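Note: the block below is structure_26.cif and it holds mmCIF, C-alpha atoms and all ligand atoms.
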data_upload
loop_
_atom_site.group_PDB
_atom_site.id
_atom_site.type_symbol
_atom_site.label_atom_id
_atom_site.label_comp_id
_atom_site.auth_asym_id
_atom_site.auth_seq_id
_atom_site.Cartn_x
_atom_site.Cartn_y
_atom_site.Cartn_z
ATOM 1 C CA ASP X 1 61.065 -39.748 -69.119
ATOM 2 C CA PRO X 2 59.497 -43.231 -68.575
ATOM 3 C CA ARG X 3 56.689 -41.872 -66.326
ATOM 4 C CA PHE X 4 55.151 -39.727 -69.106
ATOM 5 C CA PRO X 5 52.502 -41.680 -71.122
ATOM 6 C CA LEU X 6 53.001 -40.087 -74.569
ATOM 7 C CA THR X 7 55.781 -40.148 -77.181
ATOM 8 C CA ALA X 8 57.549 -36.879 -78.144
ATOM 9 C CA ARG X 9 55.443 -36.566 -81.339
ATOM 10 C CA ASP X 10 52.133 -37.192 -79.494
ATOM 11 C CA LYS X 11 53.260 -34.749 -76.768
ATOM 12 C CA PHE X 12 53.761 -31.935 -79.327
ATOM 13 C CA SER X 13 50.435 -32.874 -80.976
ATOM 14 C CA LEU X 14 48.746 -32.602 -77.544
ATOM 15 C CA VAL X 15 50.202 -29.134 -76.741
ATOM 16 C CA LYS X 16 49.217 -27.901 -80.246
ATOM 17 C CA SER X 17 45.624 -29.203 -79.979
ATOM 18 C CA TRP X 18 45.130 -28.050 -76.365
ATOM 19 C CA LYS X 19 46.361 -24.473 -76.964
ATOM 20 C CA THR X 20 43.751 -23.920 -79.699
ATOM 21 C CA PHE X 21 41.226 -25.563 -77.324
ATOM 22 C CA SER X 22 42.222 -23.354 -74.339
ATOM 23 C CA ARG X 23 40.946 -20.274 -76.240
ATOM 24 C CA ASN X 24 37.495 -21.375 -74.995
ATOM 25 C CA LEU X 25 38.655 -22.827 -71.635
ATOM 26 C CA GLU X 26 35.868 -21.261 -69.515
ATOM 27 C CA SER X 27 33.180 -22.415 -71.985
ATOM 28 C CA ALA X 28 34.603 -25.965 -72.176
ATOM 29 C CA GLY X 29 35.034 -26.036 -68.374
ATOM 30 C CA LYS X 30 31.296 -25.339 -67.989
ATOM 31 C CA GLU X 31 30.346 -28.070 -70.500
ATOM 32 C CA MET X 32 32.641 -30.555 -68.707
ATOM 33 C CA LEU X 33 31.025 -29.974 -65.276
ATOM 34 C CA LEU X 34 27.494 -30.014 -66.744
ATOM 35 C CA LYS X 35 28.260 -33.387 -68.374
ATOM 36 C CA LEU X 36 29.357 -34.645 -64.932
ATOM 37 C CA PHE X 37 26.023 -33.431 -63.504
ATOM 38 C CA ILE X 38 24.031 -34.951 -66.413
ATOM 39 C CA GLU X 39 25.701 -38.409 -66.408
ATOM 40 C CA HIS X 40 26.223 -38.630 -62.624
ATOM 41 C CA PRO X 41 23.482 -36.507 -60.934
ATOM 42 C CA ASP X 42 24.706 -37.598 -57.462
ATOM 43 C CA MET X 43 27.755 -35.329 -58.016
ATOM 44 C CA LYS X 44 25.369 -32.331 -57.924
ATOM 45 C CA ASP X 45 24.927 -32.694 -54.125
ATOM 46 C CA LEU X 46 28.642 -32.025 -53.459
ATOM 47 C CA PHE X 47 27.944 -28.538 -54.850
ATOM 48 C CA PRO X 48 24.679 -27.655 -52.962
ATOM 49 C CA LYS X 49 24.133 -24.450 -55.009
ATOM 50 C CA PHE X 50 23.891 -26.281 -58.364
ATOM 51 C CA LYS X 51 21.053 -28.659 -57.338
ATOM 52 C CA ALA X 52 17.907 -26.645 -58.202
ATOM 53 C CA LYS X 53 19.134 -25.167 -61.510
ATOM 54 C CA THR X 54 18.608 -25.993 -65.207
ATOM 55 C CA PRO X 55 21.762 -26.593 -67.372
ATOM 56 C CA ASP X 56 21.521 -23.076 -68.905
ATOM 57 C CA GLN X 57 20.977 -21.437 -65.481
ATOM 58 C CA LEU X 58 24.358 -22.827 -64.369
ATOM 59 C CA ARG X 59 26.181 -21.679 -67.548
ATOM 60 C CA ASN X 60 25.333 -18.073 -66.569
ATOM 61 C CA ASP X 61 25.633 -18.557 -62.766
ATOM 62 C CA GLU X 62 28.849 -17.027 -61.374
ATOM 63 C CA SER X 63 29.410 -19.699 -58.678
ATOM 64 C CA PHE X 64 29.328 -22.311 -61.468
ATOM 65 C CA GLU X 65 31.825 -20.245 -63.528
ATOM 66 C CA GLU X 66 34.378 -20.373 -60.676
ATOM 67 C CA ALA X 67 33.831 -24.100 -60.011
ATOM 68 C CA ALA X 68 34.023 -24.949 -63.746
ATOM 69 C CA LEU X 69 37.297 -23.019 -64.148
ATOM 70 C CA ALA X 70 38.811 -24.669 -61.038
ATOM 71 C CA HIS X 71 38.266 -28.077 -62.671
ATOM 72 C CA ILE X 72 39.546 -27.322 -66.161
ATOM 73 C CA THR X 73 42.690 -25.300 -65.213
ATOM 74 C CA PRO X 74 44.540 -28.248 -63.572
ATOM 75 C CA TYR X 75 44.272 -29.985 -66.982
ATOM 76 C CA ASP X 76 45.510 -26.773 -68.667
ATOM 77 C CA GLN X 77 48.448 -26.661 -66.229
ATOM 78 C CA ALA X 78 49.075 -30.373 -66.920
ATOM 79 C CA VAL X 79 49.530 -29.753 -70.690
ATOM 80 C CA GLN X 80 51.826 -26.810 -69.829
ATOM 81 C CA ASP X 81 53.862 -29.079 -67.498
ATOM 82 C CA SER X 82 54.260 -31.852 -70.149
ATOM 83 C CA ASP X 83 58.070 -31.441 -70.280
ATOM 84 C CA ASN X 84 58.310 -30.985 -66.494
ATOM 85 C CA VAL X 85 57.082 -34.450 -65.406
ATOM 86 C CA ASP X 86 58.057 -33.825 -61.741
ATOM 87 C CA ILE X 87 56.097 -30.522 -61.564
ATOM 88 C CA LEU X 88 53.262 -32.225 -63.518
ATOM 89 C CA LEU X 89 53.154 -35.044 -60.918
ATOM 90 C CA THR X 90 53.190 -32.602 -57.957
ATOM 91 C CA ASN X 91 50.308 -30.509 -59.361
ATOM 92 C CA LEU X 92 48.080 -33.516 -60.196
ATOM 93 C CA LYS X 93 48.748 -35.146 -56.787
ATOM 94 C CA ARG X 94 47.886 -31.851 -55.039
ATOM 95 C CA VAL X 95 44.578 -31.771 -56.990
ATOM 96 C CA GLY X 96 43.660 -35.266 -55.707
ATOM 97 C CA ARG X 97 44.697 -34.169 -52.207
ATOM 98 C CA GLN X 98 42.133 -31.290 -52.190
ATOM 99 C CA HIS X 99 39.240 -33.789 -52.281
ATOM 100 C CA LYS X 100 40.104 -35.399 -48.904
ATOM 101 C CA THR X 101 38.438 -32.492 -47.044
ATOM 102 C CA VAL X 102 35.249 -33.071 -49.095
ATOM 103 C CA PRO X 103 32.860 -35.293 -47.030
ATOM 104 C CA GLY X 104 32.111 -38.717 -48.546
ATOM 105 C CA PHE X 105 34.463 -38.314 -51.519
ATOM 106 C CA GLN X 106 35.457 -41.575 -53.236
ATOM 107 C CA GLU X 107 38.571 -42.503 -55.272
ATOM 108 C CA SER X 108 36.371 -43.753 -58.162
ATOM 109 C CA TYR X 109 34.817 -40.259 -58.594
ATOM 110 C CA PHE X 110 37.835 -38.908 -60.552
ATOM 111 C CA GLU X 111 37.363 -41.376 -63.458
ATOM 112 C CA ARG X 112 33.870 -39.926 -64.096
ATOM 113 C CA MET X 113 35.525 -36.669 -65.278
ATOM 114 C CA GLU X 114 37.609 -38.106 -68.187
ATOM 115 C CA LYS X 115 34.377 -39.078 -69.994
ATOM 116 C CA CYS X 116 33.233 -35.458 -69.492
ATOM 117 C CA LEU X 117 36.518 -33.871 -70.638
ATOM 118 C CA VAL X 118 36.487 -35.802 -73.958
ATOM 119 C CA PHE X 119 32.910 -34.483 -74.403
ATOM 120 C CA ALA X 120 34.152 -30.918 -73.752
ATOM 121 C CA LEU X 121 37.006 -31.457 -76.245
ATOM 122 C CA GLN X 122 34.588 -32.888 -78.865
ATOM 123 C CA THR X 123 32.186 -29.907 -78.809
ATOM 124 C CA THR X 124 34.872 -27.187 -78.545
ATOM 125 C CA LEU X 125 37.418 -28.548 -81.087
ATOM 126 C CA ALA X 126 34.634 -29.983 -83.335
ATOM 127 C CA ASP X 127 36.410 -30.617 -86.686
ATOM 128 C CA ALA X 128 39.776 -30.167 -84.912
ATOM 129 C CA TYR X 129 38.932 -33.195 -82.726
ATOM 130 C CA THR X 130 40.649 -35.620 -85.113
ATOM 131 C CA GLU X 131 41.088 -39.420 -85.265
ATOM 132 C CA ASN X 132 44.693 -38.969 -84.051
ATOM 133 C CA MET X 133 43.621 -36.557 -81.268
ATOM 134 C CA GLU X 134 40.907 -38.920 -79.939
ATOM 135 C CA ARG X 135 43.597 -41.595 -79.405
ATOM 136 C CA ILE X 136 46.100 -39.172 -77.764
ATOM 137 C CA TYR X 137 43.537 -37.621 -75.359
ATOM 138 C CA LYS X 138 42.234 -41.107 -74.387
ATOM 139 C CA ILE X 139 45.704 -42.210 -73.166
ATOM 140 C CA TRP X 140 46.617 -38.816 -71.634
ATOM 141 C CA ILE X 141 43.442 -37.981 -69.621
ATOM 142 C CA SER X 142 43.369 -41.580 -68.293
ATOM 143 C CA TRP X 143 46.955 -41.025 -67.063
ATOM 144 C CA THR X 144 46.136 -37.687 -65.348
ATOM 145 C CA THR X 145 43.284 -39.419 -63.457
ATOM 146 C CA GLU X 146 45.783 -42.068 -62.226
ATOM 147 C CA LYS X 147 48.045 -39.350 -60.765
ATOM 148 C CA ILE X 148 45.071 -37.468 -59.271
ATOM 149 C CA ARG X 149 44.020 -40.794 -57.647
ATOM 150 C CA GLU X 150 47.588 -41.189 -56.289
ATOM 151 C CA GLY X 151 47.273 -37.864 -54.429
ATOM 152 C CA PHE X 152 43.978 -39.022 -52.884
ATOM 153 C CA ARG X 153 45.354 -42.398 -51.662
ATOM 154 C CA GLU X 154 48.644 -40.983 -50.291
HETATM 155 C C1 LIG A 1 39.818 -35.405 -61.844
HETATM 156 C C2 LIG A 1 39.295 -34.233 -62.196
HETATM 157 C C3 LIG A 1 39.176 -33.141 -61.206
HETATM 158 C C4 LIG A 1 39.952 -32.014 -61.105
HETATM 159 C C5 LIG A 1 41.110 -31.657 -62.013
HETATM 160 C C6 LIG A 1 39.454 -31.260 -59.995
HETATM 161 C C7 LIG A 1 39.977 -30.030 -59.553
HETATM 162 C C8 LIG A 1 39.703 -29.478 -58.302
HETATM 163 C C9 LIG A 1 40.480 -28.493 -57.645
HETATM 164 C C10 LIG A 1 41.754 -27.859 -58.167
HETATM 165 C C11 LIG A 1 39.872 -28.225 -56.451
HETATM 166 C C12 LIG A 1 40.338 -27.229 -55.411
HETATM 167 C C13 LIG A 1 39.565 -25.926 -55.644
HETATM 168 C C14 LIG A 1 40.252 -24.763 -54.984
HETATM 169 O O1 LIG A 1 40.147 -24.586 -53.749
HETATM 170 O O2 LIG A 1 40.923 -23.967 -55.678
HETATM 171 C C15 LIG A 1 38.717 -29.040 -56.363
HETATM 172 C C16 LIG A 1 37.830 -29.057 -55.312
HETATM 173 C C17 LIG A 1 36.639 -29.764 -55.385
HETATM 174 N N1 LIG A 1 36.275 -30.665 -56.323
HETATM 175 FE FE1 LIG A 1 37.308 -31.251 -57.803
HETATM 176 N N2 LIG A 1 38.419 -31.912 -59.457
HETATM 177 C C18 LIG A 1 38.174 -33.052 -60.115
HETATM 178 C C19 LIG A 1 37.184 -34.015 -59.866
HETATM 179 C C20 LIG A 1 36.070 -33.816 -59.042
HETATM 180 C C21 LIG A 1 34.919 -34.628 -58.966
HETATM 181 C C22 LIG A 1 34.655 -35.894 -59.749
HETATM 182 C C23 LIG A 1 34.069 -34.049 -58.029
HETATM 183 C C24 LIG A 1 32.744 -34.548 -57.603
HETATM 184 C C25 LIG A 1 31.644 -33.880 -57.933
HETATM 185 C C26 LIG A 1 34.722 -32.883 -57.539
HETATM 186 C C27 LIG A 1 34.228 -32.014 -56.610
HETATM 187 C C28 LIG A 1 35.041 -31.083 -55.970
HETATM 188 C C29 LIG A 1 34.572 -30.410 -54.749
HETATM 189 C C30 LIG A 1 33.231 -30.628 -54.069
HETATM 190 C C31 LIG A 1 35.571 -29.577 -54.380
HETATM 191 C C32 LIG A 1 35.611 -28.644 -53.180
HETATM 192 C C33 LIG A 1 34.615 -27.488 -53.340
HETATM 193 C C34 LIG A 1 35.206 -26.192 -52.851
HETATM 194 O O3 LIG A 1 35.236 -25.935 -51.626
HETATM 195 O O4 LIG A 1 35.660 -25.368 -53.677
HETATM 196 N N3 LIG A 1 35.909 -32.758 -58.189
HETATM 197 N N4 LIG A 1 38.619 -29.785 -57.508
HETATM 198 CL CL CL A 2 60.621 -30.935 -63.531
#

Could I get this file's structure written as structure tokens?
Amino acid sequence: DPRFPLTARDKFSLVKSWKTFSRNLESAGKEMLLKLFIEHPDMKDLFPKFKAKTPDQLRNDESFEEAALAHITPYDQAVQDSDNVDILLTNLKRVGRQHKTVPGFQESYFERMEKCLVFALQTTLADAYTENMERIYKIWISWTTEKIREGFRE
């Protein structure tokens, strides 16, 4: 499929690396959203509950657990849908479509997350976050953002 960003070898390397990573999906989902709130503290106001809290208060907060999981599981579905490009495209476009109802949401907001996902992958995988994996994730997460953006424009 010409639409899919990765070669067959890099695709299998992705699914292998992600499935060991998805063992701590809730933990990594929390660290991803916290990194969004650390780097871009304006994003905290879209979730009014998370404004007053320290980083460790959120990690244990149940409303943060649900929000963190809802942001990491589309990426987990995306890796699962790597052979089904058409289902992969539908799911990522639907994700970008959800944000239209959110007041004052911008198209450029989605790109802030890929910096935070690589952070989540770095801390969770640790020594499993290899030189080869850093390259593969860089191309892949950038591509998912493009398709999430497509759902927001359309
Ligand atoms: C590109 C990565 C992102 C993914 C995969 C993602 C995923 C999702 C999903 C699946 C939903 C729907 C939740 C549901 O009803 O089940 C959602 C809603 C939402 N997302 Fe995102 N999102 C992303 C980026 C962002 C960014 C950058 C922000 C800005 C802080 C954001 C803020 C929100 C808000 C405020 C909602 C609605 C809150 C609610 O009523 O639940 N998201 N997101
Ligand atoms: Cl398909």

Task: Expected answer as an MDAnalysis selection string: residues within 10 Å of ligand CL 2 (chain A), all atoms listed in the file - done: chainID X and resid 81:90

Task: Residues near residue X:55, cut-off 12 Å, all atoms listed in the file, skip fewer than 5 positions along chain, as JSON, numbers by chain - done: {"X": [30, 31, 32, 33, 34, 35, 36, 37, 38, 41, 44, 50, 60, 61, 64]}

Task: Picked residues, the PyMOL selection byres (((not hetatm)) within 9 of (chain A and resi 1)), expected as JSON, numbers by chain - done: {"X": [33, 36, 37, 40, 42, 43, 44, 45, 46, 47, 66, 67, 68, 69, 70, 71, 72, 73, 74, 75, 92, 94, 95, 96, 97, 98, 99, 101, 102, 103, 105, 106, 107, 108, 109, 110, 111, 112, 113, 114, 117, 141, 144, 145, 146, 148, 149]}

Open item on the list: Report, in Å to a single decimal, how far apart atom CA of residue X:58 and atom CA of residue X:130 are.
Closed with: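 That distance, rounded to one decimal, is 29.3 Å.
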
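Shortest separation to residue X:24 among X:143, X:125, X:132, X:152 occurs at residue X:125, atoms counted being only C-alpha atoms.
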
- [ ] Would you mind telling me which residue in X:20, X:13, X:142, X:7 lies nearest to residue X:124 when using all atoms listed in the file?
- [x] X:20

Task: One-decimal distance in Å that lies between atom CA of residue X:29 and atom CA of residue X:48 - done: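 If I compute the distance from atom CA of residue X:48 to atom CA of residue X:29, I get 18.6 Å.
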
TODO: Measuring atom to atom with only C-alpha atoms, identify which of X:28, X:139, X:121, X:116 is nearest to residue X:65.
DONE: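 For residue X:65, the nearest of the given residues is X:28.
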
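For the pair atom CA of residue X:129 and atom CA of residue X:56, the separation is 24.4 Å.
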
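Using only C-alpha atoms, the smallest distance between any of X:93, X:151, X:123, X:136 and residue X:9 comes from X:136.
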
Identify, on the basis of all atoms listed in the file, every residue whose closest approach to residue X:15 does not exceed 10 Å; exclude the query and any residue fewer than 2 positions from it along the same chain; express the result as a PDB file with C-alpha atoms, in the coordinates of the input.
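Below is the file that was written, part00.pdb:
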ATOM      1  CA  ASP X  10      52.133 -37.192 -79.494  1.00  0.00           C
ATOM      2  CA  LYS X  11      53.260 -34.749 -76.768  1.00  0.00           C
ATOM      3  CA  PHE X  12      53.761 -31.935 -79.327  1.00  0.00           C
ATOM      4  CA  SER X  13      50.435 -32.874 -80.976  1.00  0.00           C
ATOM      5  CA  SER X  17      45.624 -29.203 -79.979  1.00  0.00           C
ATOM      6  CA  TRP X  18      45.130 -28.050 -76.365  1.00  0.00           C
ATOM      7  CA  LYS X  19      46.361 -24.473 -76.964  1.00  0.00           C
ATOM      8  CA  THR X  20      43.751 -23.920 -79.699  1.00  0.00           C
ATOM      9  CA  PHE X  21      41.226 -25.563 -77.324  1.00  0.00           C
ATOM     10  CA  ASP X  76      45.510 -26.773 -68.667  1.00  0.00           C
ATOM     11  CA  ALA X  78      49.075 -30.373 -66.920  1.00  0.00           C
ATOM     12  CA  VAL X  79      49.530 -29.753 -70.690  1.00  0.00           C
ATOM     13  CA  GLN X  80      51.826 -26.810 -69.829  1.00  0.00           C
ATOM     14  CA  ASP X  81      53.862 -29.079 -67.498  1.00  0.00           C
ATOM     15  CA  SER X  82      54.260 -31.852 -70.149  1.00  0.00           C
TER      16      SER X  82
END

Please complete stretch 19-44 of chain X so it has N, CA and C atoms, and hand it over as a PDB file, in the frame of the given file.
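Heads up, here's the output in out23.pdb:
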ATOM      1  N   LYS X  19      46.204 -25.934 -76.949  1.00  0.00           N
ATOM      2  CA  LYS X  19      46.361 -24.473 -76.964  1.00  0.00           C
ATOM      3  C   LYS X  19      45.371 -23.731 -77.865  1.00  0.00           C
ATOM      4  N   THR X  20      44.875 -24.417 -78.895  1.00  0.00           N
ATOM      5  CA  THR X  20      43.751 -23.920 -79.699  1.00  0.00           C
ATOM      6  C   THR X  20      42.432 -24.124 -78.945  1.00  0.00           C
ATOM      7  N   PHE X  21      42.374 -25.205 -78.164  1.00  0.00           N
ATOM      8  CA  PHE X  21      41.226 -25.563 -77.324  1.00  0.00           C
ATOM      9  C   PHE X  21      41.068 -24.625 -76.120  1.00  0.00           C
ATOM     10  N   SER X  22      42.195 -24.207 -75.538  1.00  0.00           N
ATOM     11  CA  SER X  22      42.222 -23.354 -74.339  1.00  0.00           C
ATOM     12  C   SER X  22      41.792 -21.900 -74.585  1.00  0.00           C
ATOM     13  N   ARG X  23      41.547 -21.557 -75.853  1.00  0.00           N
ATOM     14  CA  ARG X  23      40.946 -20.274 -76.240  1.00  0.00           C
ATOM     15  C   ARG X  23      39.514 -20.149 -75.711  1.00  0.00           C
ATOM     16  N   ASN X  24      38.844 -21.293 -75.560  1.00  0.00           N
ATOM     17  CA  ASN X  24      37.495 -21.375 -74.995  1.00  0.00           C
ATOM     18  C   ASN X  24      37.482 -22.248 -73.730  1.00  0.00           C
ATOM     19  N   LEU X  25      38.444 -22.005 -72.837  1.00  0.00           N
ATOM     20  CA  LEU X  25      38.655 -22.827 -71.635  1.00  0.00           C
ATOM     21  C   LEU X  25      37.533 -22.713 -70.596  1.00  0.00           C
ATOM     22  N   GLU X  26      36.988 -21.505 -70.433  1.00  0.00           N
ATOM     23  CA  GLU X  26      35.868 -21.261 -69.515  1.00  0.00           C
ATOM     24  C   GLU X  26      34.583 -21.921 -70.016  1.00  0.00           C
ATOM     25  N   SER X  27      34.340 -21.812 -71.324  1.00  0.00           N
ATOM     26  CA  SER X  27      33.180 -22.415 -71.985  1.00  0.00           C
ATOM     27  C   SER X  27      33.218 -23.945 -71.927  1.00  0.00           C
ATOM     28  N   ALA X  28      34.388 -24.516 -72.216  1.00  0.00           N
ATOM     29  CA  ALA X  28      34.603 -25.965 -72.176  1.00  0.00           C
ATOM     30  C   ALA X  28      34.603 -26.520 -70.752  1.00  0.00           C
ATOM     31  N   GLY X  29      35.070 -25.707 -69.802  1.00  0.00           N
ATOM     32  CA  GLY X  29      35.034 -26.036 -68.374  1.00  0.00           C
ATOM     33  C   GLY X  29      33.619 -26.171 -67.836  1.00  0.00           C
ATOM     34  N   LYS X  30      32.727 -25.299 -68.316  1.00  0.00           N
ATOM     35  CA  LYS X  30      31.296 -25.339 -67.989  1.00  0.00           C
ATOM     36  C   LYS X  30      30.616 -26.587 -68.547  1.00  0.00           C
ATOM     37  N   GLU X  31      30.913 -26.905 -69.810  1.00  0.00           N
ATOM     38  CA  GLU X  31      30.346 -28.070 -70.500  1.00  0.00           C
ATOM     39  C   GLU X  31      30.832 -29.395 -69.913  1.00  0.00           C
ATOM     40  N   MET X  32      32.059 -29.395 -69.389  1.00  0.00           N
ATOM     41  CA  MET X  32      32.641 -30.555 -68.707  1.00  0.00           C
ATOM     42  C   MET X  32      31.925 -30.856 -67.385  1.00  0.00           C
ATOM     43  N   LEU X  33      31.717 -29.824 -66.563  1.00  0.00           N
ATOM     44  CA  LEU X  33      31.025 -29.974 -65.276  1.00  0.00           C
ATOM     45  C   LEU X  33      29.537 -30.285 -65.408  1.00  0.00           C
ATOM     46  N   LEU X  34      28.894 -29.713 -66.428  1.00  0.00           N
ATOM     47  CA  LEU X  34      27.494 -30.014 -66.744  1.00  0.00           C
ATOM     48  C   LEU X  34      27.309 -31.472 -67.148  1.00  0.00           C
ATOM     49  N   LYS X  35      28.247 -31.985 -67.949  1.00  0.00           N
ATOM     50  CA  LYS X  35      28.260 -33.387 -68.374  1.00  0.00           C
ATOM     51  C   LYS X  35      28.445 -34.343 -67.193  1.00  0.00           C
ATOM     52  N   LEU X  36      29.227 -33.918 -66.198  1.00  0.00           N
ATOM     53  CA  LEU X  36      29.357 -34.645 -64.932  1.00  0.00           C
ATOM     54  C   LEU X  36      28.030 -34.676 -64.176  1.00  0.00           C
ATOM     55  N   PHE X  37      27.323 -33.545 -64.170  1.00  0.00           N
ATOM     56  CA  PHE X  37      26.023 -33.431 -63.504  1.00  0.00           C
ATOM     57  C   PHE X  37      24.880 -34.120 -64.259  1.00  0.00           C
ATOM     58  N   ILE X  38      25.014 -34.240 -65.583  1.00  0.00           N
ATOM     59  CA  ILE X  38      24.031 -34.951 -66.413  1.00  0.00           C
ATOM     60  C   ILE X  38      24.188 -36.470 -66.249  1.00  0.00           C
ATOM     61  N   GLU X  39      25.410 -36.969 -66.455  1.00  0.00           N
ATOM     62  CA  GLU X  39      25.701 -38.409 -66.408  1.00  0.00           C
ATOM     63  C   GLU X  39      25.668 -38.985 -64.990  1.00  0.00           C
ATOM     64  N   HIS X  40      26.224 -38.239 -64.035  1.00  0.00           N
ATOM     65  CA  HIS X  40      26.223 -38.630 -62.624  1.00  0.00           C
ATOM     66  C   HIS X  40      25.568 -37.526 -61.776  1.00  0.00           C
ATOM     67  N   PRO X  41      24.221 -37.560 -61.646  1.00  0.00           N
ATOM     68  CA  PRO X  41      23.482 -36.507 -60.934  1.00  0.00           C
ATOM     69  C   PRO X  41      23.659 -36.510 -59.407  1.00  0.00           C
ATOM     70  N   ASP X  42      24.323 -37.537 -58.877  1.00  0.00           N
ATOM     71  CA  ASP X  42      24.706 -37.598 -57.462  1.00  0.00           C
ATOM     72  C   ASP X  42      25.845 -36.628 -57.125  1.00  0.00           C
ATOM     73  N   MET X  43      26.640 -36.280 -58.140  1.00  0.00           N
ATOM     74  CA  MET X  43      27.755 -35.329 -58.016  1.00  0.00           C
ATOM     75  C   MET X  43      27.286 -33.889 -57.780  1.00  0.00           C
ATOM     76  N   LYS X  44      26.016 -33.633 -58.100  1.00  0.00           N
ATOM     77  CA  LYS X  44      25.369 -32.331 -57.924  1.00  0.00           C
ATOM     78  C   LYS X  44      25.214 -31.930 -56.452  1.00  0.00           C
TER      79      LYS X  44
END
